[PDB]
Amino acid sequence: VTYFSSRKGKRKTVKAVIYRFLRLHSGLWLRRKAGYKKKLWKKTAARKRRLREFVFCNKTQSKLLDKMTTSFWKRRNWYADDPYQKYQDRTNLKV
Amino acid sequence: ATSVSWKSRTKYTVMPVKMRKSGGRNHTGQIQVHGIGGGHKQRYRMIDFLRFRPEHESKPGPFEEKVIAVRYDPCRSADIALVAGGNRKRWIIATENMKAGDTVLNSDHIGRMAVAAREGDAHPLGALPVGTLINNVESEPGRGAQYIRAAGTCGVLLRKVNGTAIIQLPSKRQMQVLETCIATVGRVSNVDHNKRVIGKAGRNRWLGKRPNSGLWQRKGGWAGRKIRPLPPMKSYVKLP
Amino acid sequence: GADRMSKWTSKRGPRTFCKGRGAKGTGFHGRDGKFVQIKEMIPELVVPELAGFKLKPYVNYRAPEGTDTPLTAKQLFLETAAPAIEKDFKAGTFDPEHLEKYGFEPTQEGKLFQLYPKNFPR
Amino acid sequence: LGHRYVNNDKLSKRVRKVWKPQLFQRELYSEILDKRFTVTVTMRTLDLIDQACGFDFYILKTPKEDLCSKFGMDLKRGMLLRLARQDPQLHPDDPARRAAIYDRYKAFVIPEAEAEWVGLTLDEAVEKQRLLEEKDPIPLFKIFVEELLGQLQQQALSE
Amino acid sequence: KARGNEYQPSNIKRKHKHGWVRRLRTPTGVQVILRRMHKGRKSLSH
Amino acid sequence: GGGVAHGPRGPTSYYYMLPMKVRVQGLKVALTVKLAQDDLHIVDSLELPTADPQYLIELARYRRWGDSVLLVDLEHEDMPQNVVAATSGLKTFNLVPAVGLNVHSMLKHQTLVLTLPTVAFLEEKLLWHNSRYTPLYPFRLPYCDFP
RNA sequence: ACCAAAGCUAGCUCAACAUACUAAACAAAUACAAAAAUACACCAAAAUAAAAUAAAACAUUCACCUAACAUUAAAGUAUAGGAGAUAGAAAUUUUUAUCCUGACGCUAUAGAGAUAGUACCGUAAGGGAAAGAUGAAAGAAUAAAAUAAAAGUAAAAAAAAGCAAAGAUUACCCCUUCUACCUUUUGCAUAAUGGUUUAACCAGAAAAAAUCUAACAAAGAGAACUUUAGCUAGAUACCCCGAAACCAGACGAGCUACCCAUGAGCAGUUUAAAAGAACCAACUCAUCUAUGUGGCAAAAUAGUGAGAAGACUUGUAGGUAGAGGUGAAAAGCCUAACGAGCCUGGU
RNA sequence: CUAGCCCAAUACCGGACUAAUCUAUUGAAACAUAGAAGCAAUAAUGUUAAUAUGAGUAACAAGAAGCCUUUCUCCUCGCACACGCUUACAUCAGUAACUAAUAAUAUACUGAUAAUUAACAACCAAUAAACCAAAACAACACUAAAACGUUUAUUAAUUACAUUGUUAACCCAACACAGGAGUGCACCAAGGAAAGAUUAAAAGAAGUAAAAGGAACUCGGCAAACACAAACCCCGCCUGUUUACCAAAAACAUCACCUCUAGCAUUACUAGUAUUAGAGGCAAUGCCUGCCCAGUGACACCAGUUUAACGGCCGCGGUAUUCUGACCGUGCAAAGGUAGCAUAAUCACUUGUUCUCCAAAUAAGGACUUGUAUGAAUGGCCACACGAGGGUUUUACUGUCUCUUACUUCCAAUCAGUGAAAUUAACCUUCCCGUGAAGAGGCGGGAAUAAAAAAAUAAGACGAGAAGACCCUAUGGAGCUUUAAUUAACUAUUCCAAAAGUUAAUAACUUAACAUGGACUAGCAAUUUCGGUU
Ligand SMILES: Nc1nc2c(ncn2[C@@H]2O[C@H](COP(=O)(O)O)[C@@H](O)[C@H]2O)c(=O)[nH]1
Ligand SMILES: *C(=O)[C@H](CCSC)NC=O
Ligand SMILES: [Mg+2]
Ligand SMILES: [Mg+2]
Ligand SMILES: [Mg+2]
Ligand SMILES: [Mg+2]
Ligand SMILES: [Mg+2]
Ligand SMILES: [Mg+2]
Ligand SMILES: [Mg+2]
Ligand SMILES: [Mg+2]
Ligand SMILES: [Mg+2]
Ligand SMILES: [Mg+2]
Ligand SMILES: [Mg+2]
Ligand SMILES: [Mg+2]
Ligand SMILES: [Mg+2]
Ligand SMILES: [Mg+2]
Ligand SMILES: [Mg+2]
Ligand SMILES: [Mg+2]
Ligand SMILES: [Mg+2]
Ligand SMILES: [Mg+2]
Ligand SMILES: [Mg+2]
Ligand SMILES: [Mg+2]
Ligand SMILES: [Mg+2]
Ligand SMILES: [Mg+2]
Ligand SMILES: [Mg+2]
Ligand SMILES: [Mg+2]
Ligand SMILES: [Mg+2]
Ligand SMILES: [Mg+2]
Ligand SMILES: [Mg+2]
Ligand SMILES: [Mg+2]
Ligand SMILES: [Mg+2]
Ligand SMILES: [Mg+2]
Ligand SMILES: [Mg+2]
Ligand SMILES: [Mg+2]
Ligand SMILES: [Mg+2]
Ligand SMILES: [Mg+2]
Ligand SMILES: [Mg+2]
Ligand SMILES: [Mg+2]
Ligand SMILES: [Mg+2]
Ligand SMILES: [Mg+2]
Ligand SMILES: [Mg+2]
Ligand SMILES: [Mg+2]
Ligand SMILES: [Mg+2]
Ligand SMILES: [Mg+2]
Ligand SMILES: [Mg+2]
Ligand SMILES: [Mg+2]
Ligand SMILES: [Mg+2]
Ligand SMILES: [Mg+2]
Ligand SMILES: [Mg+2]
Ligand SMILES: [Mg+2]
Ligand SMILES: [Mg+2]
Ligand SMILES: [Mg+2]
Ligand SMILES: [Mg+2]
Ligand SMILES: [Mg+2]
Ligand SMILES: [Mg+2]
Ligand SMILES: [Mg+2]
Ligand SMILES: [Mg+2]
Ligand SMILES: [Mg+2]
Ligand SMILES: [Mg+2]
Ligand SMILES: [Mg+2]
Ligand SMILES: [Mg+2]
Ligand SMILES: [Mg+2]
Ligand SMILES: [Mg+2]
Ligand SMILES: [Mg+2]
Ligand SMILES: [Mg+2]
Ligand SMILES: [Mg+2]
Ligand SMILES: [Mg+2]
Ligand SMILES: [Mg+2]
Ligand SMILES: [Mg+2]
Ligand SMILES: [Mg+2]
Ligand SMILES: [Mg+2]
Ligand SMILES: [Mg+2]
Ligand SMILES: [Mg+2]
Ligand SMILES: [Mg+2]
Ligand SMILES: [Mg+2]
Ligand SMILES: [Mg+2]
Ligand SMILES: [Mg+2]
Ligand SMILES: [Mg+2]
Ligand SMILES: [Mg+2]
Ligand SMILES: [Mg+2]
Ligand SMILES: [Mg+2]
Ligand SMILES: [Mg+2]
Ligand SMILES: [Mg+2]
Ligand SMILES: [Mg+2]
Ligand SMILES: [Mg+2]
Ligand SMILES: [Mg+2]
Ligand SMILES: [Mg+2]
Ligand SMILES: [Mg+2]
Ligand SMILES: [Mg+2]
Ligand SMILES: [Mg+2]
Ligand SMILES: [Mg+2]
Ligand SMILES: [Mg+2]
Ligand SMILES: [Mg+2]
Ligand SMILES: [Mg+2]
Ligand SMILES: [Mg+2]
Ligand SMILES: [Mg+2]
Ligand SMILES: [Mg+2]
Ligand SMILES: [Mg+2]
Ligand SMILES: [Mg+2]
Ligand SMILES: [Mg+2]
Ligand SMILES: [Mg+2]
Ligand SMILES: [Mg+2]
Ligand SMILES: [Mg+2]
Ligand SMILES: [Mg+2]
Ligand SMILES: [Mg+2]
Ligand SMILES: [Mg+2]
Ligand SMILES: [Mg+2]
Ligand SMILES: [Mg+2]
Ligand SMILES: [Mg+2]
Ligand SMILES: [Mg+2]
Ligand SMILES: [Mg+2]
Ligand SMILES: [Mg+2]
Ligand SMILES: [Mg+2]
Ligand SMILES: [Mg+2]
Ligand SMILES: [Mg+2]
Ligand SMILES: [Mg+2]
Ligand SMILES: [Mg+2]
Ligand SMILES: [Mg+2]
Ligand SMILES: [Mg+2]
Ligand SMILES: [Mg+2]
């Protein structure tokens, strides 16, 4: 991670995390299961469904991705016909 | 710094000129040829290799010169001979039996009858018999005897076809040239030059040969008895 | 090591290094190796006659000085040529093409002591 | 002068490469200057000449930034000066041929005040300006004589 | 054998190797003189 | 003779801007404490009989204003020459226009003196931020009700 | 009581403005071997930056890296990437004239290296210092006053026993008790490291997310953004020294390796011999031993040895320069450290 | 129990205070509230400066007397020039201190004043022609073929005195350094002084002499000696060269013999031309160099040829009573190690066995010899001469030794002057046993114990010196080699395109010098790397 750039002096972001991850506005990160396209003839339908299912990240990985991304990717996006707009918020979280 | 050559002498002279040796160093100063340097001080005796060279252009006919002395030359392995004709003398490469007080002929005339080949005589290849031993042969008419000069070495005339003479060099290679190329008859002096025995490692230093390197090098594929066929005949005639 | 700050004179070199000390040349080298000195190259000191010269190296202390008036080209012209040219123009014979009568020199290469090339040392 | 990837693969080695043009020693004839120059030209030069339909046409049309040749700029300057001066030394025995040659290049006629400054570099231009402005210092005698004449004329007219 | 005396003085070699003319006859020696002038050396050459 | 390990590095600019409402509230608090501590005096037109600074000195000593006095006028060019010449020779008596009022100077000077137009101007300038919008563009640009 | 200690100045540093930018001196001599008045010429040259580093390796890649477009945003966005490390725009937006310029910069181990690029060290490129303190008056030195405070000594050497001290004691020791300190370790009195001592210098630095405090609050921010209590401001944080190395450009063959010119030496004896013969001087090498080992010497002395008309020693001058030169190959020598010189820069 | 301020600590984490500076406001016998930092040193073989220990220790010097610079006692590198240093040279004066490693005073410090005078040396003609015939007492010759010159013709300002180097005790080595230094003269007619003054301990260095023995010492006869001789092997033919600074050799080179590569011109080779010139191997000479092109190279662009090219030259079993195997069976190879020598400088077994040498030998020499790992130009066998090469004998000789001793000089000790170095946490710095980070002056249990010098010996302080060079680790290097992985530039091939062109009624064909783009085969080479547990 480049904490201080050379041109603008700003903090940069890694593009791998934005290529293979998705941040919901509530702080959660969404990802794909590793190996969901490799050797599908060798795996059971239940395992294939487990691989095709999306998954969340835990607190340490989420904080790592927040450190590796800038503030532009932590904004509120109002997309037209966004499937994850219902998941952008959190409800009934009694902490 | 770049050095200048010692060969800055345009006027031909019979007196020996001093020459500056250089051991393998090019004009830059770096070694180009290894094993050269530190010989005996030598002078240079300018040799006239264009044998048929008349004094004045008014009489371009054949001419006869007289041998004054056959002397030793440290620059080449052969012996030199001073020949005088008219108002000038010149150094030539003496033949095997050329002694003081001989007459040498220099001719450029070719006739239907072959001439009797003596030793000091120099006729074009088209006028010599078919089995004549020759030396100081030429490549082009008037170019100069670049070929056979070494002591004892001599080539042989093989045949003359279509006004072109074929000779055979000491390397057993055939050389085709025009028949108007002048050539001296006989063998070059000092026929016993190959039989000389360097008595010690100091005679090589006298001659100016530095010792070989001490690095041991393993032989490669180049080594071994390569029985290669004789290369084709080297022709110098320009066929249009 | 050797010294670099000291001056490089003729005393500090080999026998083949003989550099002059600043004197001017007085001739050339002849035939048999000797030096031929030319009498035209040696400076001829032109000394005047100081017999009846009533002037001393010092002046009277009570003698007054003068205000500094450095002599200029305009002042010299006004002193040597302005009266002559003025009289000539008043008489009506002024010739702008010929100015040699007033002291002007067209080309310096004619006379002995020229001013721009400075042929004379002193 | 640049770099290249061997085997045309990015992940392979990077190697410095110098691409050079194919030079040719050709003889080109000019109509305005009437001389055959043995010049080292390229196939692109010959193609530009054939496209401009003439050596002089190509020289007069392609500017300095497209010529990139001091010799080409000198040729252009020479032919421009010749066109601006109407040089009779082109064909002293053929005035009709000279006029016919000068007519077909009428589109590039530049006056003399600018025809002698096109094929010059900065150093050459400064040298030319110095040679033009090189004037010997006039003696102060002349200036003082002029001043005195002015004062005398003033005193003569004020009476 | 014994070292330390590697400097044998000779004015000809000195002035021919590190002289003013030797420095000025090459573009690199001119750069040497320019560097010494920029530093302000009292002696630019031998 | 070596370098410094960390040391000071180049010209350092200690620059930051407090929020505008925070600065306005600071001005308000300065005025309020100056009034509540009996150290604020309202005058009229800031007129003086003479240009004698000793006159102002004796007047402040008689009125028990204190050692330091800051007189705030409405405008700069509208200042009377009498008070101008009286304050140009004094140190503890400082004359400032209305746009030059600041918390630092108000705390430095023991007594504050305000004219009636200056009081009106300060009130109008300070009360505007209590019911204003956030600047869409800088207030130097044309707004609907703002100059 | 000596040694000593303390000054406040010389001057520097960072910016602003600015004429618009190679200061002054240039009588003569100065690119002959610089400072040498004076003879028929030659003069000039360009061809990409590399690597040290990061990718915890290293092969594609690795911002700045001696090339102008500045500022507010877009935006660290699109994009480019062993799609890894990292790199990174643009379209489009904002920027009101002059003075108000000095210092919460240093005070002689600091601030420029500087009293100076000078002494000095190197053949050269190059490296590069330290050193000042009275007073109004020293044209007031039978000269006057403040500290007499570091380590080191003197005044004044020591008396059984012991990490040197503490508990104490009428009493210095005598009695009793405690295995120096940092660092590194499972564990050090450890006989594991470091330090004679004194003085002066010498080593934690960044605000993404967070906590605290405060302003305003569905809105906050003095323009561009963030917002389902949020927005703005402030305060809280991340050292020093050290390689062998790598690359680029200069400077080095006055030592040494080898060559090119130009010179010089070899006396006596045996030999038809100047025979790469023999004995042995000058001379040149350095076999063995003993001294020396911070020495006379960063390679020497003494004795003893080998060659000694030659492939011999040696003077002067020139050439070959490091991705190289040279080498009767010892991976030798190339200015006292050469499996590849030294200096500068990258750093 | 009596009072309280009411419970230990390494890495990391949290908090409250706070020394000294600067700034904004207080204060004015030196402070308070805030804001800032070049904000705090018992520790980096830390940097600079000064001080101690070692230590007044190591080390350093001037021949004698005298009437004071005159005579005696000794050793003999002196004079000049070239190169180099620049005044250090000369006269007078002073030296408390600075230079002499100490004084006296002075060529070496200080100040003033003077000096090196050209005949010697430096700078000191070109353009053409006649000119082959060495220097070495040069008469005349040898081979390695050899620097050094006149004359003739055309122009060479023409006229005293030009300019420059002239000292020295000196240069290069940090030094007033036992070192390094070219040339011509002589070996003294010129240069100098080994001892500052005493005593005569040890140990150390140098020398001389030594009864009887004469290598018995020792790895070795190293060193020394009244000796300074004769032989035998190994390795190199020989002279010679090499790791400046631990190896001079058996290493390299070498004459000779063999291989390859080249038919040719204006800067090497070469002003040469195959009896020549380069790239190499091995080593004079003598006898020889046996078989193999299977693999890898090189020519041949495929076959095919090449080993004095890189390199290789065999198993298993039985056989002539009892030991071997002339012989045979079978199998693989490209050939299956030939001649020679052989326990060697040749893996181990090995101190192989045997004879000579000695009283005794793992030493030396001669023989036997599969050396299953010798071997024939990466050369094999003998031989002359040679070698500071490595071993072995015979006398001679001797302090090497049995077995040391005596005396001198330098050292040494005292006196006088001057005066360093590594080292050092602080020491008020014993022995034994035990314990303990596993070897104690410091701990435990006991013994010993007035305090300080001076001279000796080195058992310990795991003594000093050099951030172990051996070993390992590092995703640290560098040199070298390639059958490591990616492949540049350059040099040699070849091909295509480009360019120039030529033939015929769209086709075929050639490239002197350069020379551009893209491919191919090789040299020269470039970048990088060498998984981990053990
Ligand atoms: N890893 C670890 N090291 C410890 C711990 N306690 C002490 N140490 C280590 O032990 C050493 C100090 O020993 P202590 O002071 O604990 O006796 C240090 O190296 C310290 O880091 C622990 O709990 N964990
Ligand atoms: C071996 O024990 C070692 C020898 C190293 S020399 C190559 N000695 C000391 O470390
Ligand atoms: Mg020859
Ligand atoms: Mg000959
Ligand atoms: Mg050979
Ligand atoms: Mg060899
Ligand atoms: Mg110097
Ligand atoms: Mg001289
Ligand atoms: Mg001299
Ligand atoms: Mg004269
Ligand atoms: Mg030196
Ligand atoms: Mg500093
Ligand atoms: Mg890396
Ligand atoms: Mg790292
Ligand atoms: Mg590595
Ligand atoms: Mg690395
Ligand atoms: Mg880079
Ligand atoms: Mg891609
Ligand atoms: Mg990776
Ligand atoms: Mg300073
Ligand atoms: Mg300094
Ligand atoms: Mg004290
Ligand atoms: Mg006690
Ligand atoms: Mg341990
Ligand atoms: Mg221990
Ligand atoms: Mg310790
Ligand atoms: Mg350790
Ligand atoms: Mg430590
Ligand atoms: Mg220590
Ligand atoms: Mg933040
Ligand atoms: Mg690299
Ligand atoms: Mg030399
Ligand atoms: Mg002799
Ligand atoms: Mg001899
Ligand atoms: Mg000796
Ligand atoms: Mg002896
Ligand atoms: Mg001797
Ligand atoms: Mg001898
Ligand atoms: Mg001998
Ligand atoms: Mg040289
Ligand atoms: Mg390399
Ligand atoms: Mg090399
Ligand atoms: Mg070797
Ligand atoms: Mg080796
Ligand atoms: Mg060196
Ligand atoms: Mg308790
Ligand atoms: Mg606790
Ligand atoms: Mg404070
Ligand atoms: Mg600090
Ligand atoms: Mg301290
Ligand atoms: Mg140490
Ligand atoms: Mg120490
Ligand atoms: Mg310290
Ligand atoms: Mg002392
Ligand atoms: Mg003493
Ligand atoms: Mg002692
Ligand atoms: Mg002593
Ligand atoms: Mg000197
Ligand atoms: Mg003294
Ligand atoms: Mg003196
Ligand atoms: Mg003299
Ligand atoms: Mg004595
Ligand atoms: Mg003496
Ligand atoms: Mg003495
Ligand atoms: Mg003794
Ligand atoms: Mg003795
Ligand atoms: Mg004796
Ligand atoms: Mg005896
Ligand atoms: Mg014995
Ligand atoms: Mg014994
Ligand atoms: Mg001996
Ligand atoms: Mg003997
Ligand atoms: Mg004997
Ligand atoms: Mg030998
Ligand atoms: Mg022989
Ligand atoms: Mg040699
Ligand atoms: Mg050695
Ligand atoms: Mg040697
Ligand atoms: Mg030796
Ligand atoms: Mg030897
Ligand atoms: Mg050999
Ligand atoms: Mg033979
Ligand atoms: Mg061999
Ligand atoms: Mg042989
Ligand atoms: Mg064979
Ligand atoms: Mg084959
Ligand atoms: Mg085959
Ligand atoms: Mg035998
Ligand atoms: Mg064996
Ligand atoms: Mg024995
Ligand atoms: Mg074998
Ligand atoms: Mg063998
Ligand atoms: Mg072989
Ligand atoms: Mg021998
Ligand atoms: Mg020898
Ligand atoms: Mg030997
Ligand atoms: Mg005795
Ligand atoms: Mg004690
Ligand atoms: Mg313990
Ligand atoms: Mg331990
Ligand atoms: Mg014990
Ligand atoms: Mg005890
Ligand atoms: Mg005890
Ligand atoms: Mg007991
Ligand atoms: Mg001891
Ligand atoms: Mg001792
Ligand atoms: Mg101890
Ligand atoms: Mg020990
Ligand atoms: Mg030790
Ligand atoms: Mg270590
Ligand atoms: Mg070691
Ligand atoms: Mg090792
Ligand atoms: Mg690792
Ligand atoms: Mg690396
Ligand atoms: Mg490969
Ligand atoms: Mg790379
Ligand atoms: Mg490598
Ligand atoms: Mg490994
Ligand atoms: Mg391992
Ligand atoms: Mg193991």
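Going by the header, the method for this PDB entry is cryo-EM, and the resolution given is 3.0 Å.

Draft legend 1. Representation of the nonpolar core in the model. Residues and elements named next belong to chain D. Ranked by internal contacts, the top residues of the largest apolar core, which has 24 residues, are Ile32, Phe55, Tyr58, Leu60 and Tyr105. Taken together, the elements giving at least two residues each to this core come down to β4 (35-41), α1 (43-52), α2 (55-61), α4 (70-85) and α5 (95-103). Excluding its chain neighbours within four sequence positions, the residues that come into contact with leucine 60 are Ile32, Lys76, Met79, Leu80, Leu83, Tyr105 and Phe108.

Draft legend 2. Representation of the interface of chain C and chain D in the model. Residue-level contacts link 12 residues of chain C with 11 residues of chain D. If you sort the residues of chain C by the area they bury against chain D, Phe77(C), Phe89(C) and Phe104(C) come out on top, with a joint share of 45%. At the boundary of chain C with chain D, the tally comes to one salt bridge. The salt bridge partner of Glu147(D) is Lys74(C), with a shortest N-O separation of 2.6 Å. Here chain C is connected to chain D by one residue pair in polar contact. Taken together, the elements giving at least two residues each to the side of chain C that touches chain D come down to α1 (73-80) and α2 (82-91) of chain C. Ranked by residue count, the leading element in the side of chain C that touches chain D is α2(C), at four residues.

Draft legend 3. Seen up close, the sheet that holds strand β2 (residues 29-32) of chain A. Residues and elements named next belong to chain A. The strand order β1-β2-β3 describes an open sheet built from three strands, whose pairing is antiparallel. Unpaired on one side and paired on the other, β1 (22-23) and β3 (54-56) mark the two borders of the sheet. Where β1 meets β2, two bridges bridge the pair, whose relative direction is antiparallel. When the sheet's bridge partners are listed, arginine 23 is paired in β2 with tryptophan 29.

Draft legend 4. Quick peek at the protein's contact with RNA strand G. If you check the shell around RNA strand G, you find 128 residues, and the closest are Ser5(A), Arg20(A), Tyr5(D), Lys10(D) and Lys42(E). Sugar and phosphate atoms represent 65% of those atoms of RNA strand G found within 4 Å of the protein. Between a base oxygen of RNA strand G and a side-chain N or O atom of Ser5(A), the distance comes to 2.3 Å. A distance of 3.4 Å separates a phosphate oxygen of RNA strand G from a polar atom in the backbone of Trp8(C). At seven residues, helix α1 (residues 11-18) of chain E tops the list of elements feeding residues into the surface near RNA strand G. Partitioned by chemical class, the residues of the surface near RNA strand G number 46 nonpolar, 36 polar and 46 charged.

Draft legend 5. The arrangement of the interface of chain C and chain E in detail. In this complex, chain C contributes eight residues to the contact, which on the side of chain E involves 11 residues. Together chain C and chain E conceal approximately 840 Å² of surface at their shared face, both sides included; 60% is due to carbon and sulfur atoms. It is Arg4(C), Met5(C) and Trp8(C) that lose the most area in chain C upon contact with chain E, and together they represent 61% of the buried surface on that side. The interface formed by chain C and chain E includes zero salt bridges. Along the contact surface separating chain C from chain E lie two residue pairs in polar contact. A per-class count over the side of chain C that touches chain E returns four nonpolar, two polar and two charged.

Rules used in this analysis
- Residues numbered from 1 in each chain as written, not as in the entry; some residues may be left out.
- Chains lettered and ligands numbered in written order.
- Part of a larger assembly, values for the part shown.
- Heavy atoms only, no water.
- Core = buried A, V, L, I, M, F, W, Y, C linked by side-chain atoms within 4.5 Å.
- Buried < 20%, exposed > 50% of the residue type's maximum accessible area, 1.4 Å probe, protein only.
- Helix = DSSP H or I, 4+ residues; strand = E, 2+ residues; numbered from the N terminus.
- Contact = heavy atoms within 4.5 Å.
- Buried area = accessible area lost by both parts, 1.4 Å probe.
- Salt bridge = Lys/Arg side-chain N within 4 Å of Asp/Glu carboxyl O.
- Polar contact = N/O pair within 3.5 Å; in protein donor to acceptor, adjacent residues only side chain to side chain.
- Pairing = 2+ DSSP bridges.
- Near = heavy atom within 4 Å.
- Nonpolar A, V, L, I, M, F, W, Y, C, P; charged D, E, K, R; others polar.

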